[PDB]
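Chemist: Next one to model:
(chains A, B, C and D, ligands or ions: 12)
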Protein chains: 4
Amino acid sequence: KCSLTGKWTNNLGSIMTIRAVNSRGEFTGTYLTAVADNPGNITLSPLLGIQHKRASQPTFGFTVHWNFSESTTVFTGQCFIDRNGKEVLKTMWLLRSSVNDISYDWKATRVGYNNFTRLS
Amino acid sequence: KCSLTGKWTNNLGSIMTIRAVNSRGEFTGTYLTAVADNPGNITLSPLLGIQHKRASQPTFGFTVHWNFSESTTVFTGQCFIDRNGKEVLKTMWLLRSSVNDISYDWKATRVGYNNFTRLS
Amino acid sequence: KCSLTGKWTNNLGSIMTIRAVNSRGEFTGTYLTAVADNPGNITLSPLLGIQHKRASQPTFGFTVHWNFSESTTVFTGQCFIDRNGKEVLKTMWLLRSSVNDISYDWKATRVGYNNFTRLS
Amino acid sequence: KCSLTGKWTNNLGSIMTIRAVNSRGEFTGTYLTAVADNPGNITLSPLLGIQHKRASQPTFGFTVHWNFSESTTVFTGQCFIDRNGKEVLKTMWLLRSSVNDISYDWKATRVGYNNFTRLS
Ligand SMILES: O=C(O)CCCC[C@@H]1SC[C@@H]2NC(=O)N[C@@H]21
Ligand SMILES: O=C(O)CCCC[C@@H]1SC[C@@H]2NC(=O)N[C@@H]21
Ligand SMILES: O=C(O)CCCC[C@@H]1SC[C@@H]2NC(=O)N[C@@H]21
Ligand SMILES: O=C(O)CCCC[C@@H]1SC[C@@H]2NC(=O)N[C@@H]21
Ligand SMILES: *[C@@H]1O[C@H](CO)[C@@H](O)[C@H](O)[C@H]1NC(C)=O
Ligand SMILES: *[C@@H]1O[C@H](CO)[C@@H](O)[C@H](O)[C@H]1NC(C)=O
Ligand SMILES: *[C@@H]1O[C@H](CO)[C@@H](O)[C@H](O)[C@H]1NC(C)=O
Ligand SMILES: *[C@@H]1O[C@H](CO)[C@@H](O)[C@H](O)[C@H]1NC(C)=O
Ligand SMILES: *[C@@H]1O[C@H](CO)[C@@H](O)[C@H](O)[C@H]1NC(C)=O
Ligand SMILES: *[C@@H]1O[C@H](CO)[C@@H](O)[C@H](O)[C@H]1NC(C)=O
Ligand SMILES: *[C@@H]1O[C@H](CO)[C@@H](O)[C@H](O)[C@H]1NC(C)=O
Ligand SMILES: *[C@@H]1O[C@H](CO)[C@@H](O)[C@H](O)[C@H]1NC(C)=O
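Modeler: Numbers count the residues shown, from 1 in each chain, chains lettered A, B, ... in the order given. Ligands and ions are numbered 1, 2, ... in the order given. Please find the structure below.
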C-alpha cells in the first residue's frame, strides 16, 4: 500500500508534508516550493486533497493555496510502488494566475510535471 | 465579491454544489458529471478545495474523488464578476487515470476546460 | 468531408488562413492573434501543420512561429461537421515561452483551448 | 547555437530524426515512438515543425502525424545548451485522439512531457 502521509521532495527541490489521510481519503498538508514567480516571497503554504483509499497504487489530487501570491496550483497523479517497495509520486499540475478580468483569461494557466520521492 | 458557495453547472451539463467556504478558504462539495469514460456508472462524487478569501475575483482549486472509478480530476481557475454581478468560473482541469504500472504513466493524464455559471 | 483550407476565426478573435493541403496532409498558413503578452507588437505569423487526409472528421496539429516574440505555440484538435455541413475546429494549445536557462523551464508552458469557425 | 537537425532519443525511448532546418526555421523529420495505445501497430511517422532561427536556445514546435492511428501529437519546447556544450530538448506535448462526434470532445486530449538528448 501507498499512503500519501509523510514528507516528500520533488525534482525541483520543493518539499511537501502530508498529514493523516482520513477514511474518505481526504488529507491536509503543507508545501514549500523551491521556485516561484517571485522566489523572494516564498512562504510555507497549505494544501488540501483526496486520494483513493483502497487502491494499492492510488490516484489522488490536491490544491495548494499559495500564501504569498494570488495564484493556486493543483496537482494530480498516481503513487507507484517498485519491486523493492520504493514509492514514487508521478504528477502533473496546473498553476492558475490571477488576472484582472476575463479578457486575459487565456494566459492564466501554466502546466507542468513533478516526480516526488519520500524524504524518509 | 465572487463566492463559490452554491450550485453551478458547466458547458457539458455537469452540476456541482459547493458548501460553506471557511475562513481559510477551504470548501467541500459534490459533483455530478454529465460525462465519463463509463457514463452508465456515474454517481455523485465528493470534492474538496481551497479558494483565496480576500480577492474579489479569487483563484481556486479543487479535487474530485470520483466514487465510481479509480480516476481523480483536479480543477483550477478564477471566479469573475461582470458589471451586472453575474459570476462565471473559468477553469481548466487534469483528469488522472489509474494505470497498472509506471511504464504506462505517459498516457494517464487528460486535460480540458470548463466554464461554470450558477444554477438557480 | 471536413477540410482545413480557408479562413477561420476563434473565440478570442484571432484569424487564421490555411492554404492548400497536399496529399500528405501538410499545410502552411498565417495566423493573426487578437491577443499576446505584448499586444502592441503583434504581427502576422506563419504556421505549418499536418492533418489526416482520409478521415471525414480529421485530427490535425500545427505550429505557429510568432514573428514578434521568442515564443512558439502548437495547436492540436479535430474538425467536426454537423448535419448542416457546418465545420468547427475544437483545439487545445501549448504556448512555450523562451526562458534564460534550464532552471526556469518549469514556468515556460501555458495551456488553453480555442474553437474555430470559418470566416466568410 | 542549438540546431534541431540530427537524431534524438527521449526518456521513453522514442527516436526522432530532424532533417535540414531552412532559412525560415522550418523542418521535416521522422518519429519512432517506443509507446502507443496499440504498440503492436507502431510504424515510423512523419513530423513537420518550426523553430526560431536566430536564438541561441530557440523555442520550437512540431506536429507528428501518426501513420498507424487517427491521432496527432504536437510537441513544443526549448533547446538548452550546458556549460559543456551538451544539448537537451525540454518539451511538453498534447496528444489528440479521434472521437466520433463533438459530444466526446472533452475526453480527446492527453498531455505530458519529454526530454530529448542527441543520439550522436
Ligand atoms: O509562483 C507562485 O506564485 C506560486 C508558486 C508556484 C510553484 C510551482 S507549482 C508547480 C511547480 N512545482 C513546484 O514544486 N513548484 C512549482
Ligand atoms: O470518467 C471518469 O472516470 C470520471 C469522470 C470524469 C469527468 C470529467 S472531469 C473533466 C470533465 N468536466 C466534467 O464536468 N466532466 C468531465
Ligand atoms: O504572446 C506571444 O508571445 C505570442 C502570441 C500568443 C497567442 C496565443 S496562442 C494561444 C491563444 N490563442 C490565440 O488565438 N492567441 C493566443
Ligand atoms: O498511441 C498513438 O495512437 C500514437 C502514438 C503516441 C505516442 C506518444 S506522443 C507523446 C509521448 N511521447 C512519445 O515519445 N510517445 C508518446
Ligand atoms: C525524478 O525522476 C528522475 C528520473 O527518474 C530521477 O532521476 C530523480 O531522482 C527523481 N526526483 C525525485 C525527487 O524523485
Ligand atoms: C512579492 O515580490 C514582489 C517583487 O519583489 C514584491 O513587490 C511584493 O510585495 C511581494 N509580495 C508578497 C506577498 O510578498
Ligand atoms: C459557457 O460559455 C459559453 C461561451 O461563452 C456560453 O455560451 C455558456 O452560456 C456557458 N455555459 C455554462 C453552462 O456556463
Ligand atoms: C463501470 O462500467 C464498466 C463497464 O460497463 C463495468 O464493467 C464496471 O463494473 C463499472 N464500474 C464501477 C465501479 O461502476
Ligand atoms: C466558439 O464556441 C462558442 C460556444 O459554443 C460559440 O458561442 C462561438 O460561436 C464559437 N466561436 C467561434 C469564433 O467559433
Ligand atoms: C514588444 O514589446 C515590448 C514591450 O513594449 C518592446 O520593448 C519590444 O521591443 C517588443 N518586441 C518586439 C520584437 O516586437
Ligand atoms: C531525461 O532527464 C533525466 C533527468 O535529468 C535524465 O536522467 C535522462 O537521462 C534524460 N533522458 C534523455 C533521453 O535525455
Ligand atoms: C491496431 O491495433 C488494433 C488492435 O490490435 C488492430 O485491430 C488494428 O487493426 C490496428 N490498426 C492499425 C492501423 O495497425
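
Chemist: what's the closest residue to ligand 12 within chain A in contact with, if anything?
Modeler: Of all residues in chain A, residue A:78 sits closest to ligand 12, at 25.1 Å by Cβ to the nearest ligand atom. To be clear about C-beta, it is placed using only N, CA and C from the backbone, and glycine gets the same treatment. Residue A:78 makes contact with A:57-60, A:89-90, B:96, B:98-99, B:105, B:108, according to Cβ atoms under 8 Å, 6 or more residues apart in numbering or on different chains.

Chemist: By neighbours, which of the residues you listed wins?
Modeler: Ranked by the number of neighbours (other Cβ atoms under 10 Å in any protein chain shown), the contacts of residue A:78 place residue A:60 first, at 27 neighbours.

Chemist: Can you pull the residues of chain A lying near chain D?
Modeler: With Cβ under 8 Å from any Cβ of the partner chain as the criterion, chain A meets chain D at residues A:92, A:111-113.

Chemist: List the residues that contact the spatially most central residue of chain A.
Modeler: For chain A, the residue lying nearest the average C-alpha position, counting by Cα atoms, centre = their mean, turns out to be residue A:75 (4.6 Å). Taking Cβ under 8 Å, 6+ apart, we find residue A:75 in contact with A:49, A:61-62, A:64, A:91-93, A:114, B:74.

Chemist: Tell me who's in contact with residue A:96.
Modeler: Contact analysis of residue A:96 by Cβ under 8 Å, 6+ apart lists A:71-74, A:108-109, B:59-61, B:76-78, B:92.

Chemist: Just give me the neighbour total for the residue lying closest to it once chain neighbours are set aside.
Modeler: Leaving aside its sequence neighbours, residue A:96 sits nearest to residue B:76 (Cβ to Cβ, 6 or more residues apart in numbering or on different chains; 4.2 Å). The number of residues packed near residue B:76 is 26, by other Cβ under 10 Å.

Chemist: related to what we said a few turns ago, please pick the buried ones from the residues of chain A next to chain D.
Modeler: Listed as buried from the residues of chain A next to chain D are A:92, A:111-113; burial here means 16 or more other Cβ atoms under 10 Å in any protein chain shown.

Chemist: Stretch A:4-12: which residues count as buried?
Modeler: Quick answer for stretch A:4-12 (16+ other Cβ under 10 Å): A:4, A:8-10.

Chemist: picking up where we left off before, and the residues of chain A next to chain D, which is closest to ligand 6?
Modeler: Closest approach between the residues of chain A next to chain D and ligand 6, by Cβ to the nearest ligand atom: residue A:112, at 21.1 Å.

Chemist: beta partners for the closest one?
Modeler: residue A:93 (DSSP bridges).

Chemist: Contacts only, for it.
Modeler: By Cβ under 8 Å, 6+ apart, the neighbours of residue A:112 are A:92-93, A:95, C:106-107, C:109, D:92, D:113.

Chemist: Spit out the contact partners of residue A:25.
Modeler: By Cβ under 8 Å, 6+ apart, the contact set of residue A:25 is A:50-53, A:58, A:60, B:65.

Chemist: quick one: which of those is most hemmed in?
Modeler: The residue in those with the most neighbours, by other Cβ under 10 Å, is residue A:50 (30 neighbours).

Chemist: could the contacts of residue A:112 go into JSON lines alongside distance to residue B:22?
Modeler: Formatted as JSON lines, those follow (distance: Cβ to Cβ, whole Å):
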{"residue": "A:92", "distance to residue B:22": "28"}
{"residue": "A:93", "distance to residue B:22": "24"}
{"residue": "A:95", "distance to residue B:22": "23"}
{"residue": "C:106", "distance to residue B:22": "31"}
{"residue": "C:107", "distance to residue B:22": "30"}
{"residue": "C:109", "distance to residue B:22": "33"}
{"residue": "D:92", "distance to residue B:22": "35"}
{"residue": "D:113", "distance to residue B:22": "35"}
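
Chemist: Can you tell me which of these lies closest to ligand 2?
Modeler: Among those, residue A:92 lies closest to ligand 2 (Cβ to the nearest ligand atom), at 14.1 Å.

Chemist: right, and that closest one touches residue A:77 too?
Modeler: Yes - Residue A:92 lies in contact with residue A:77 (Cβ atoms under 8 Å); the separation is 6.5 Å.

Chemist: out of the contacts of residue A:78, which one sits closest to residue B:44?
Modeler: residue A:59 (18.8 Å; Cβ to Cβ).

Chemist: Just list whatever residues bridge to that closest one.
Modeler: Applying DSSP bridges to residue A:59 gives these bridge partners: residue A:78.

Chemist: Just list the residues touching residue A:35, thanks.
Modeler: Going by Cβ under 8 Å, 6+ apart, residue A:35 touches A:12-14, C:103, C:106-107.

Chemist: Which helix or which strand is home to it?
Modeler: If you go by DSSP states H and E, residue A:35 is not part of any helix or strand.

Chemist: what about it, distance to residue C:94?
Modeler: 20 Å (Cβ to Cβ, to the nearest Å).

Chemist: same check, this time on residue A:108
Modeler: Going from residue A:108 to residue C:94 by Cβ to Cβ gives 14 Å.

Chemist: correct me, but residue A:13 touches residue A:34?
Modeler: Yes - here residue A:13 reaches residue A:34: they are 3.6 Å apart, a contact under Cβ under 8 Å.

Chemist: Compare those two and say which is more crowded by neighbours.
Modeler: Neighbour count, other Cβ under 10 Å: between residue A:13 and residue A:34, residue A:34 has more, with 15 against 10.

Chemist: List the residues that contact the residue of chain A most remote from its centre.
Modeler: Most distant residue from the mean C-alpha position of chain A: residue A:103, 28.5 Å away (Cα atoms, centre = their mean). Going by Cβ under 8 Å, 6+ apart, residue A:103 touches residue C:35.
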